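Raw contents of target.pdb, PDB, C-alpha atoms:
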```pdb
ATOM      1  CA  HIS A   9      35.748  14.198   8.829  1.00  0.00           C
ATOM      2  CA  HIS A  10      37.250  15.701   5.616  1.00  0.00           C
ATOM      3  CA  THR A  11      35.561  18.267   2.944  1.00  0.00           C
ATOM      4  CA  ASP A  12      36.853  15.864   0.191  1.00  0.00           C
ATOM      5  CA  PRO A  13      34.968  12.523  -0.106  1.00  0.00           C
ATOM      6  CA  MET A  14      38.079  11.026  -1.914  1.00  0.00           C
ATOM      7  CA  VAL A  15      40.145  11.728   1.277  1.00  0.00           C
ATOM      8  CA  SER A  16      37.219  10.354   3.419  1.00  0.00           C
ATOM      9  CA  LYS A  17      37.288   7.011   1.444  1.00  0.00           C
ATOM     10  CA  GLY A  18      41.078   6.499   2.054  1.00  0.00           C
ATOM     11  CA  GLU A  19      41.019   7.661   5.717  1.00  0.00           C
ATOM     12  CA  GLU A  20      38.054   5.303   6.400  1.00  0.00           C
ATOM     13  CA  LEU A  21      40.130   2.172   5.497  1.00  0.00           C
ATOM     14  CA  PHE A  22      42.985   3.198   7.884  1.00  0.00           C
ATOM     15  CA  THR A  23      40.928   4.199  10.964  1.00  0.00           C
ATOM     16  CA  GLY A  24      42.265   2.138  13.890  1.00  0.00           C
ATOM     17  CA  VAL A  25      44.857  -0.668  13.817  1.00  0.00           C
ATOM     18  CA  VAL A  26      45.138  -2.728  10.572  1.00  0.00           C
ATOM     19  CA  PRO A  27      46.740  -6.205  10.463  1.00  0.00           C
ATOM     20  CA  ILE A  28      49.664  -6.612   7.981  1.00  0.00           C
ATOM     21  CA  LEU A  29      51.102  -9.728   6.309  1.00  0.00           C
ATOM     22  CA  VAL A  30      54.386  -9.499   4.374  1.00  0.00           C
ATOM     23  CA  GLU A  31      55.628 -12.153   1.902  1.00  0.00           C
ATOM     24  CA  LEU A  32      59.000 -11.972   0.142  1.00  0.00           C
ATOM     25  CA  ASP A  33      60.584 -14.487  -2.285  1.00  0.00           C
ATOM     26  CA  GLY A  34      64.251 -13.548  -2.789  1.00  0.00           C
ATOM     27  CA  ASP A  35      67.223 -14.635  -4.898  1.00  0.00           C
ATOM     28  CA  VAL A  36      70.592 -12.890  -4.262  1.00  0.00           C
ATOM     29  CA  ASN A  37      73.507 -14.237  -6.337  1.00  0.00           C
ATOM     30  CA  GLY A  38      71.672 -17.652  -6.461  1.00  0.00           C
ATOM     31  CA  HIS A  39      70.976 -17.805  -2.646  1.00  0.00           C
ATOM     32  CA  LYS A  40      67.161 -18.362  -2.619  1.00  0.00           C
ATOM     33  CA  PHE A  41      65.287 -17.279   0.533  1.00  0.00           C
ATOM     34  CA  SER A  42      61.779 -16.482   1.772  1.00  0.00           C
ATOM     35  CA  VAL A  43      60.657 -13.974   4.469  1.00  0.00           C
ATOM     36  CA  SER A  44      57.255 -13.883   6.232  1.00  0.00           C
ATOM     37  CA  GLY A  45      56.180 -10.888   8.363  1.00  0.00           C
ATOM     38  CA  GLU A  46      53.188 -10.142  10.575  1.00  0.00           C
ATOM     39  CA  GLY A  47      52.195  -7.106  12.597  1.00  0.00           C
ATOM     40  CA  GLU A  48      49.980  -4.032  12.806  1.00  0.00           C
ATOM     41  CA  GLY A  49      49.881  -0.522  11.315  1.00  0.00           C
ATOM     42  CA  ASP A  50      48.317   2.582  12.907  1.00  0.00           C
ATOM     43  CA  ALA A  51      48.187   5.375  10.255  1.00  0.00           C
ATOM     44  CA  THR A  52      46.957   7.914  12.915  1.00  0.00           C
ATOM     45  CA  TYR A  53      50.495   7.830  14.516  1.00  0.00           C
ATOM     46  CA  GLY A  54      52.401   6.677  11.341  1.00  0.00           C
ATOM     47  CA  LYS A  55      53.354   3.555  13.398  1.00  0.00           C
ATOM     48  CA  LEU A  56      54.207   0.004  12.156  1.00  0.00           C
ATOM     49  CA  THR A  57      55.196  -2.934  14.409  1.00  0.00           C
ATOM     50  CA  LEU A  58      56.309  -6.005  12.400  1.00  0.00           C
ATOM     51  CA  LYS A  59      58.157  -9.261  13.099  1.00  0.00           C
ATOM     52  CA  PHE A  60      59.833 -10.958  10.128  1.00  0.00           C
ATOM     53  CA  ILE A  61      61.017 -14.598  10.020  1.00  0.00           C
ATOM     54  CA  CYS A  62      63.344 -16.082   7.390  1.00  0.00           C
ATOM     55  CA  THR A  63      61.318 -19.244   6.564  1.00  0.00           C
ATOM     56  CA  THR A  64      64.153 -20.921   4.525  1.00  0.00           C
ATOM     57  CA  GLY A  65      66.748 -20.894   7.423  1.00  0.00           C
ATOM     58  CA  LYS A  66      69.617 -18.335   7.655  1.00  0.00           C
ATOM     59  CA  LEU A  67      69.012 -15.005   5.808  1.00  0.00           C
ATOM     60  CA  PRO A  68      71.867 -14.748   3.202  1.00  0.00           C
ATOM     61  CA  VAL A  69      71.859 -10.873   3.357  1.00  0.00           C
ATOM     62  CA  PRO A  70      71.822  -8.555   6.427  1.00  0.00           C
ATOM     63  CA  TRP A  71      68.285  -7.753   7.795  1.00  0.00           C
ATOM     64  CA  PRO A  72      68.894  -3.940   7.674  1.00  0.00           C
ATOM     65  CA  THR A  73      69.282  -4.114   3.823  1.00  0.00           C
ATOM     66  CA  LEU A  74      65.615  -5.352   3.544  1.00  0.00           C
ATOM     67  CA  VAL A  75      63.901  -2.756   5.843  1.00  0.00           C
ATOM     68  CA  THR A  76      62.852  -0.439   2.914  1.00  0.00           C
ATOM     69  CA  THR A  77      61.618  -3.486   0.820  1.00  0.00           C
ATOM     70  CA  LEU A  78      59.693  -5.228   3.691  1.00  0.00           C
ATOM     71  CA  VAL A  80      54.060  -0.238   3.372  1.00  0.00           C
ATOM     72  CA  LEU A  81      53.824   3.582   2.978  1.00  0.00           C
ATOM     73  CA  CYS A  82      49.985   3.582   3.246  1.00  0.00           C
ATOM     74  CA  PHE A  83      50.605   3.649   7.079  1.00  0.00           C
ATOM     75  CA  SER A  84      52.414   7.064   6.780  1.00  0.00           C
ATOM     76  CA  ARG A  85      50.886   9.839   8.949  1.00  0.00           C
ATOM     77  CA  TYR A  86      49.681  12.559   6.500  1.00  0.00           C
ATOM     78  CA  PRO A  87      48.914  15.763   8.466  1.00  0.00           C
ATOM     79  CA  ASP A  88      45.316  17.045   7.962  1.00  0.00           C
ATOM     80  CA  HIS A  89      46.396  19.939   5.606  1.00  0.00           C
ATOM     81  CA  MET A  90      48.316  17.382   3.436  1.00  0.00           C
ATOM     82  CA  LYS A  91      45.695  14.558   3.221  1.00  0.00           C
ATOM     83  CA  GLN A  92      44.848  15.540  -0.411  1.00  0.00           C
ATOM     84  CA  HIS A  93      48.493  14.476  -1.242  1.00  0.00           C
ATOM     85  CA  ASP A  94      48.232  10.842   0.128  1.00  0.00           C
ATOM     86  CA  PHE A  95      48.567   8.707  -3.072  1.00  0.00           C
ATOM     87  CA  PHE A  96      49.139   5.497  -1.000  1.00  0.00           C
ATOM     88  CA  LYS A  97      45.725   5.445   0.769  1.00  0.00           C
ATOM     89  CA  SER A  98      43.864   6.795  -2.362  1.00  0.00           C
ATOM     90  CA  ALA A  99      44.872   3.599  -4.323  1.00  0.00           C
ATOM     91  CA  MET A 100      43.252   1.280  -1.707  1.00  0.00           C
ATOM     92  CA  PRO A 101      41.605  -1.111  -1.473  1.00  0.00           C
ATOM     93  CA  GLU A 102      42.654  -2.350  -4.999  1.00  0.00           C
ATOM     94  CA  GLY A 103      46.237  -1.307  -4.147  1.00  0.00           C
ATOM     95  CA  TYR A 104      49.457  -0.246  -5.852  1.00  0.00           C
ATOM     96  CA  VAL A 105      52.648  -1.674  -7.351  1.00  0.00           C
ATOM     97  CA  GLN A 106      55.886  -0.551  -5.707  1.00  0.00           C
ATOM     98  CA  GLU A 107      58.993  -1.111  -7.877  1.00  0.00           C
ATOM     99  CA  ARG A 108      62.587  -0.409  -6.815  1.00  0.00           C
ATOM    100  CA  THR A 109      66.179  -0.647  -7.933  1.00  0.00           C
ATOM    101  CA  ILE A 110      68.548  -0.400  -4.925  1.00  0.00           C
ATOM    102  CA  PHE A 111      72.226   0.252  -5.849  1.00  0.00           C
ATOM    103  CA  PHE A 112      74.747  -0.705  -3.122  1.00  0.00           C
ATOM    104  CA  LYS A 113      77.805   1.499  -3.843  1.00  0.00           C
ATOM    105  CA  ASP A 114      80.807  -0.662  -4.993  1.00  0.00           C
ATOM    106  CA  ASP A 115      78.557  -3.776  -4.775  1.00  0.00           C
ATOM    107  CA  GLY A 116      75.402  -5.399  -6.263  1.00  0.00           C
ATOM    108  CA  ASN A 117      71.798  -4.194  -6.773  1.00  0.00           C
ATOM    109  CA  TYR A 118      68.346  -5.352  -5.565  1.00  0.00           C
ATOM    110  CA  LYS A 119      65.448  -5.243  -8.062  1.00  0.00           C
ATOM    111  CA  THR A 120      62.109  -5.432  -6.204  1.00  0.00           C
ATOM    112  CA  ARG A 121      58.467  -5.634  -7.343  1.00  0.00           C
ATOM    113  CA  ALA A 122      55.678  -5.564  -4.704  1.00  0.00           C
ATOM    114  CA  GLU A 123      51.849  -5.614  -4.767  1.00  0.00           C
ATOM    115  CA  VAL A 124      50.311  -3.789  -1.767  1.00  0.00           C
ATOM    116  CA  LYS A 125      46.575  -4.419  -1.351  1.00  0.00           C
ATOM    117  CA  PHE A 126      43.851  -5.495   1.114  1.00  0.00           C
ATOM    118  CA  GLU A 127      42.783  -9.182   1.338  1.00  0.00           C
ATOM    119  CA  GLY A 128      39.606  -8.672   3.386  1.00  0.00           C
ATOM    120  CA  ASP A 129      40.639  -6.657   6.501  1.00  0.00           C
ATOM    121  CA  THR A 130      44.367  -7.617   6.118  1.00  0.00           C
ATOM    122  CA  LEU A 131      46.883  -5.308   4.342  1.00  0.00           C
ATOM    123  CA  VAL A 132      49.201  -7.610   2.267  1.00  0.00           C
ATOM    124  CA  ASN A 133      52.678  -6.747   0.887  1.00  0.00           C
ATOM    125  CA  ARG A 134      53.748  -9.428  -1.664  1.00  0.00           C
ATOM    126  CA  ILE A 135      57.367  -8.955  -2.868  1.00  0.00           C
ATOM    127  CA  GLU A 136      59.767 -10.519  -5.370  1.00  0.00           C
ATOM    128  CA  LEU A 137      63.440  -9.525  -4.932  1.00  0.00           C
ATOM    129  CA  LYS A 138      66.287 -10.296  -7.397  1.00  0.00           C
ATOM    130  CA  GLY A 139      69.876  -9.448  -6.282  1.00  0.00           C
ATOM    131  CA  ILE A 140      72.765  -9.564  -8.801  1.00  0.00           C
ATOM    132  CA  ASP A 141      76.459  -8.558  -9.101  1.00  0.00           C
ATOM    133  CA  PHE A 142      77.170  -8.823  -5.337  1.00  0.00           C
ATOM    134  CA  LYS A 143      80.792  -9.401  -4.098  1.00  0.00           C
ATOM    135  CA  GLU A 144      81.339 -12.673  -2.102  1.00  0.00           C
ATOM    136  CA  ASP A 145      83.672 -10.796   0.296  1.00  0.00           C
ATOM    137  CA  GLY A 146      81.655  -7.503   0.320  1.00  0.00           C
ATOM    138  CA  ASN A 147      79.646  -5.830   3.133  1.00  0.00           C
ATOM    139  CA  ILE A 148      76.316  -7.457   2.063  1.00  0.00           C
ATOM    140  CA  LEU A 149      77.145 -11.177   1.414  1.00  0.00           C
ATOM    141  CA  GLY A 150      79.994 -10.909   3.991  1.00  0.00           C
ATOM    142  CA  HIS A 151      77.529  -9.668   6.729  1.00  0.00           C
ATOM    143  CA  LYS A 152      79.622  -6.601   7.786  1.00  0.00           C
ATOM    144  CA  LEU A 153      76.615  -4.303   8.514  1.00  0.00           C
ATOM    145  CA  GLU A 154      75.629  -3.357  12.087  1.00  0.00           C
ATOM    146  CA  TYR A 155      72.133  -4.408  13.236  1.00  0.00           C
ATOM    147  CA  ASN A 156      70.674  -0.836  13.358  1.00  0.00           C
ATOM    148  CA  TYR A 157      69.060   1.857  11.103  1.00  0.00           C
ATOM    149  CA  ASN A 158      69.247   5.722  10.824  1.00  0.00           C
ATOM    150  CA  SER A 159      66.499   8.461  10.432  1.00  0.00           C
ATOM    151  CA  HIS A 160      66.062   9.537   6.795  1.00  0.00           C
ATOM    152  CA  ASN A 161      63.854  11.758   4.633  1.00  0.00           C
ATOM    153  CA  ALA A 162      62.649  10.820   1.096  1.00  0.00           C
ATOM    154  CA  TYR A 163      61.171  13.292  -1.442  1.00  0.00           C
ATOM    155  CA  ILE A 164      57.959  12.204  -3.249  1.00  0.00           C
ATOM    156  CA  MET A 165      57.093  13.535  -6.762  1.00  0.00           C
ATOM    157  CA  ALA A 166      54.036  12.836  -8.938  1.00  0.00           C
ATOM    158  CA  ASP A 167      54.595  11.056 -12.260  1.00  0.00           C
ATOM    159  CA  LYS A 168      51.484  12.474 -14.091  1.00  0.00           C
ATOM    160  CA  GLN A 169      52.219  10.239 -17.146  1.00  0.00           C
ATOM    161  CA  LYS A 170      51.877   6.897 -15.200  1.00  0.00           C
ATOM    162  CA  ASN A 171      49.197   8.262 -12.780  1.00  0.00           C
ATOM    163  CA  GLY A 172      51.704   7.386 -10.002  1.00  0.00           C
ATOM    164  CA  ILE A 173      54.641   8.644  -7.905  1.00  0.00           C
ATOM    165  CA  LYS A 174      58.450   8.401  -8.032  1.00  0.00           C
ATOM    166  CA  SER A 175      61.072   8.847  -5.296  1.00  0.00           C
ATOM    167  CA  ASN A 176      64.887   8.687  -5.307  1.00  0.00           C
ATOM    168  CA  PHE A 177      66.672   8.593  -1.889  1.00  0.00           C
ATOM    169  CA  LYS A 178      69.862   7.368  -0.141  1.00  0.00           C
ATOM    170  CA  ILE A 179      70.056   5.033   2.933  1.00  0.00           C
ATOM    171  CA  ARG A 180      73.416   4.839   4.790  1.00  0.00           C
ATOM    172  CA  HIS A 181      74.040   1.404   6.457  1.00  0.00           C
ATOM    173  CA  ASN A 182      76.664   1.431   9.280  1.00  0.00           C
ATOM    174  CA  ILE A 183      79.551  -1.064   8.689  1.00  0.00           C
ATOM    175  CA  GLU A 184      81.025  -2.706  11.878  1.00  0.00           C
ATOM    176  CA  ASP A 185      84.334  -0.739  11.347  1.00  0.00           C
ATOM    177  CA  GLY A 186      82.479   2.641  11.558  1.00  0.00           C
ATOM    178  CA  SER A 187      82.337   3.218   7.757  1.00  0.00           C
ATOM    179  CA  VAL A 188      79.029   3.470   5.783  1.00  0.00           C
ATOM    180  CA  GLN A 189      77.553   1.382   2.941  1.00  0.00           C
ATOM    181  CA  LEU A 190      75.401   3.669   0.696  1.00  0.00           C
ATOM    182  CA  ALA A 191      72.169   2.206  -0.765  1.00  0.00           C
ATOM    183  CA  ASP A 192      70.793   4.414  -3.609  1.00  0.00           C
ATOM    184  CA  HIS A 193      66.989   3.779  -3.913  1.00  0.00           C
ATOM    185  CA  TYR A 194      64.989   4.474  -7.107  1.00  0.00           C
ATOM    186  CA  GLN A 195      61.258   3.942  -6.566  1.00  0.00           C
ATOM    187  CA  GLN A 196      58.104   4.114  -8.683  1.00  0.00           C
ATOM    188  CA  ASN A 197      54.512   3.378  -7.596  1.00  0.00           C
ATOM    189  CA  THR A 198      51.502   2.833  -9.930  1.00  0.00           C
ATOM    190  CA  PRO A 199      47.867   2.031  -9.027  1.00  0.00           C
ATOM    191  CA  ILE A 200      46.457  -1.506  -9.651  1.00  0.00           C
ATOM    192  CA  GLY A 201      42.850  -0.237 -10.047  1.00  0.00           C
ATOM    193  CA  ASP A 202      41.360   1.878 -12.902  1.00  0.00           C
ATOM    194  CA  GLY A 203      39.833   4.429 -10.472  1.00  0.00           C
ATOM    195  CA  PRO A 204      41.162   7.942  -9.812  1.00  0.00           C
ATOM    196  CA  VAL A 205      44.019   8.454  -7.296  1.00  0.00           C
ATOM    197  CA  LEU A 206      45.422  11.540  -5.520  1.00  0.00           C
ATOM    198  CA  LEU A 207      48.578  12.788  -7.310  1.00  0.00           C
ATOM    199  CA  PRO A 208      50.624  14.762  -4.753  1.00  0.00           C
ATOM    200  CA  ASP A 209      52.550  18.055  -4.873  1.00  0.00           C
ATOM    201  CA  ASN A 210      56.269  17.564  -4.104  1.00  0.00           C
ATOM    202  CA  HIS A 211      56.727  16.650  -0.395  1.00  0.00           C
ATOM    203  CA  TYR A 212      58.866  14.341   1.815  1.00  0.00           C
ATOM    204  CA  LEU A 213      58.396  11.380   4.176  1.00  0.00           C
ATOM    205  CA  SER A 214      60.413  11.384   7.426  1.00  0.00           C
ATOM    206  CA  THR A 215      61.231   7.870   8.704  1.00  0.00           C
ATOM    207  CA  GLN A 216      62.629   6.506  11.988  1.00  0.00           C
ATOM    208  CA  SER A 217      63.198   2.711  12.415  1.00  0.00           C
ATOM    209  CA  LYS A 218      64.263   0.692  15.534  1.00  0.00           C
ATOM    210  CA  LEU A 219      65.497  -2.936  14.926  1.00  0.00           C
ATOM    211  CA  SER A 220      65.319  -5.478  17.809  1.00  0.00           C
ATOM    212  CA  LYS A 221      65.359  -9.250  18.516  1.00  0.00           C
ATOM    213  CA  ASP A 222      62.783 -11.458  20.259  1.00  0.00           C
ATOM    214  CA  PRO A 223      64.807 -13.149  23.030  1.00  0.00           C
ATOM    215  CA  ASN A 224      62.497 -16.262  22.879  1.00  0.00           C
ATOM    216  CA  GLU A 225      62.864 -16.643  19.041  1.00  0.00           C
ATOM    217  CA  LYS A 226      65.377 -19.253  17.692  1.00  0.00           C
ATOM    218  CA  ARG A 227      64.557 -18.652  13.953  1.00  0.00           C
ATOM    219  CA  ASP A 228      66.502 -15.937  12.023  1.00  0.00           C
ATOM    220  CA  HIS A 229      64.279 -12.837  12.472  1.00  0.00           C
ATOM    221  CA  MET A 230      63.963  -9.037  12.767  1.00  0.00           C
ATOM    222  CA  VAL A 231      61.557  -7.069  14.988  1.00  0.00           C
ATOM    223  CA  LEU A 232      60.864  -3.661  13.363  1.00  0.00           C
ATOM    224  CA  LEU A 233      59.336  -0.484  14.841  1.00  0.00           C
ATOM    225  CA  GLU A 234      58.880   2.161  12.107  1.00  0.00           C
ATOM    226  CA  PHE A 235      57.445   5.716  12.204  1.00  0.00           C
ATOM    227  CA  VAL A 236      56.744   7.499   8.846  1.00  0.00           C
ATOM    228  CA  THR A 237      55.407  11.120   8.744  1.00  0.00           C
ATOM    229  CA  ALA A 238      54.708  13.296   5.688  1.00  0.00           C
ATOM    230  CA  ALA A 239      56.005  16.906   5.768  1.00  0.00           C
ATOM    231  CA  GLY A 240      57.186  19.803   3.575  1.00  0.00           C
ATOM    232  CA  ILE A 241      53.877  21.587   2.759  1.00  0.00           C
ATOM    233  CA  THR A 242      53.025  24.325   5.408  1.00  0.00           C
ATOM    234  CA  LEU A 243      49.614  25.878   6.449  1.00  0.00           C
TER     235      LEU A 243
END
```
Starting from the file, lay out its structure as structure tokens.
Amino acid sequence: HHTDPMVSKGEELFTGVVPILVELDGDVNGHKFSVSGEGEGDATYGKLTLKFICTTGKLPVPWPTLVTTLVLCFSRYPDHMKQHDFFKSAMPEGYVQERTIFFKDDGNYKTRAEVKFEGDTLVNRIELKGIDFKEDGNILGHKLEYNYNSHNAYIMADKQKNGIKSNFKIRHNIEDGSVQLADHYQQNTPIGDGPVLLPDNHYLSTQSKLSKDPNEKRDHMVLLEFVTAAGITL
């Protein structure tokens, strides 16, 4: 129950637990790979549970480097901030999420994703191109720890494109106790013609836990993610 019928329309699609399917076709320095993911999102708690399988064999990059690529419509927007939820307002027709991810002293990922409903299922369809990576480096050399760290990301409207932009840094732990920086540039634009909610400046707070399925022999990542919006007060 919200005063704004635009907010009601978005909230209605994300009542209860929504099934998620993730598809990624990837090419990093000519290593071609595919990832499939399945799980559930619960926007009420900002909670995602996903299991990803590399369907082409061994993943040629470390799993932690793909967490941000592999669905911000499951973010928990507090009641006083629901007018600022671009991600749900674009559904069900969906949104494009584009990134460039710069790995300091290494290569970059270029990603393009379509996030939309197919019936009751929320689908994230991604293409990833990776170029200029070092053979011996932390990424292609698999020197990252299998873990993730809490981070905040500031969201700004881009009035011109009727979308949003975000720039933010992820620090990946290297197995020697150093850090690999990953500089993220992000833009989102709606797929539909309809109006969307353009937000005031705010931030998303994210926690992620990575685990393994002890019965799974395929190369895989189990992901538990919480995302909460913050930074506008009552």
Near residue 176 (chain A), within 9 Å and counting all atoms listed in the file, which residues show up once chain neighbours fewer than 4 positions away are dropped, as a PDB file with C-alpha atoms, in the coordinates of the input?
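Contents of part_6.pdb, as written:
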```pdb
ATOM      1  CA  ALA A 162      62.649  10.820   1.096  1.00  0.00           C
ATOM      2  CA  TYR A 163      61.171  13.292  -1.442  1.00  0.00           C
ATOM      3  CA  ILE A 164      57.959  12.204  -3.249  1.00  0.00           C
ATOM      4  CA  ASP A 192      70.793   4.414  -3.609  1.00  0.00           C
ATOM      5  CA  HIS A 193      66.989   3.779  -3.913  1.00  0.00           C
ATOM      6  CA  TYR A 194      64.989   4.474  -7.107  1.00  0.00           C
ATOM      7  CA  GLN A 195      61.258   3.942  -6.566  1.00  0.00           C
ATOM      8  CA  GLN A 196      58.104   4.114  -8.683  1.00  0.00           C
TER       9      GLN A 196
END
```
key: All residues 9 Å or closer to region 30-35 of chain A, all atoms listed in the file, same chain fewer than 4 positions away omitted, as a VMD selection string   = chain A and resid 39 to 47 58 60 77 to 78 122 131 to 140
Emit the selected residues as an mmCIF file, in the coordinates of the input, including C-alpha atoms.
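Contents of the output file again31.cif:
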```cif
data_model
loop_
_atom_site.group_PDB
_atom_site.id
_atom_site.type_symbol
_atom_site.label_atom_id
_atom_site.label_comp_id
_atom_site.auth_asym_id
_atom_site.auth_seq_id
_atom_site.Cartn_x
_atom_site.Cartn_y
_atom_site.Cartn_z
ATOM 1 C CA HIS A 39 70.976 -17.805 -2.646
ATOM 2 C CA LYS A 40 67.161 -18.362 -2.619
ATOM 3 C CA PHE A 41 65.287 -17.279 0.533
ATOM 4 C CA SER A 42 61.779 -16.482 1.772
ATOM 5 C CA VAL A 43 60.657 -13.974 4.469
ATOM 6 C CA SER A 44 57.255 -13.883 6.232
ATOM 7 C CA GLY A 45 56.180 -10.888 8.363
ATOM 8 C CA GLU A 46 53.188 -10.142 10.575
ATOM 9 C CA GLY A 47 52.195 -7.106 12.597
ATOM 10 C CA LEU A 58 56.309 -6.005 12.400
ATOM 11 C CA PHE A 60 59.833 -10.958 10.128
ATOM 12 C CA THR A 77 61.618 -3.486 0.820
ATOM 13 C CA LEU A 78 59.693 -5.228 3.691
ATOM 14 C CA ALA A 122 55.678 -5.564 -4.704
ATOM 15 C CA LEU A 131 46.883 -5.308 4.342
ATOM 16 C CA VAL A 132 49.201 -7.610 2.267
ATOM 17 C CA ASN A 133 52.678 -6.747 0.887
ATOM 18 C CA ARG A 134 53.748 -9.428 -1.664
ATOM 19 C CA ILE A 135 57.367 -8.955 -2.868
ATOM 20 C CA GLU A 136 59.767 -10.519 -5.370
ATOM 21 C CA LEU A 137 63.440 -9.525 -4.932
ATOM 22 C CA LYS A 138 66.287 -10.296 -7.397
ATOM 23 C CA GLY A 139 69.876 -9.448 -6.282
ATOM 24 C CA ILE A 140 72.765 -9.564 -8.801
#
```
request  = Run the PyMOL selection byres ((chain A and resi 160) around 7) against the file shown and list the residues it catches, as a count of residues only.
outcome  = 7
inquiry  = If I take CA of residue 204 (chain A) and CA of residue 83 (chain A), how far is one from the other in Å, to one decimal?
reply    =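 Between CA of residue 204 (chain A) and CA of residue 83 (chain A) the gap is 19.8 Å.
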Option closest in space to residue 179 (chain A), from A:220, A:73, A:63, A:198 [counting only C-alpha atoms] =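 Ranked by minimum distance to residue 179 (chain A), first place goes to A:73.
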ask   = Quick one: which residues end up in the PyMOL selection byres ((chain A and resi 95-105) around 7) for this structure, as number ranges by chain?
value = A: 18, 81-82, 93-94, 106-107, 122-126, 197-201, 205-208
message = List the spatial neighbours of residue 130 (chain A) as a PyMOL selection string - criterion: any atom at most 9 Å away, all atoms listed in the file, same-chain residues fewer than 5 positions off excluded.
response = chain A and resi 26-29+125
message = Applying the PyMOL selection byres ((chain A and resi 86) around 12) to the file I just gave you, which residues come out? Please list them as an MDAnalysis selection string.
response = chainID A and resid 15 18:19 22 50:55 81:85 87:97 208 211:214 235:241
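Near residue 67 (chain A), within 8 Å and counting all atoms listed in the file, sit residues 41, 62, 71 and 228 of chain A, not including residues fewer than 4 positions from it in the same chain.
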Only C-alpha atoms, please: the residues just picked out, written as a short mmCIF file (atom, residue, chain, number, x, y, z; two decimals), in the frame of the given file.
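Now in again.cif:
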```
data_model
loop_
_atom_site.label_atom_id
_atom_site.label_comp_id
_atom_site.auth_asym_id
_atom_site.auth_seq_id
_atom_site.Cartn_x
_atom_site.Cartn_y
_atom_site.Cartn_z
CA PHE A 41 65.29 -17.28 0.53
CA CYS A 62 63.34 -16.08 7.39
CA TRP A 71 68.28 -7.75 7.80
CA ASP A 228 66.50 -15.94 12.02
#
```
query = At what distance in Å, to one decimal, does CA of residue 12 (chain A) lie from CA of residue 128 (chain A)?
reply =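 Computing the Euclidean distance for CA of residue 128 (chain A) and CA of residue 12 (chain A) yields 24.9 Å.
Minimum distance to residue 180 (chain A) across A:165, A:153, A:219, A:61 (counting all atoms listed in the file) occurs at A:153.
Taking CA of residue 184 (chain A) and CA of residue 150 (chain A) as endpoints, the distance between them is 11.4 Å.
Closest to residue 232 (chain A) among A:172, A:65, A:203, A:49 is A:49, based on all atoms listed in the file.
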query = Which of these residues is nearest to residue 181 (chain A), using all atoms listed in the file: A:148, A:21, A:230, A:56?
reply = A:148
If you take every atom of region 204-221 of chain A that the file lists and fit an axis-aligned box around them with 5 Å extra on each side, what centre and edge lengths come out in Å to one decimal, as lines of an AutoDock Vina configuration file?
```
center_x = 53.3
center_y = 4.4
center_z = 4.4
size_x = 34.3
size_y = 37.3
size_z = 38.3
```
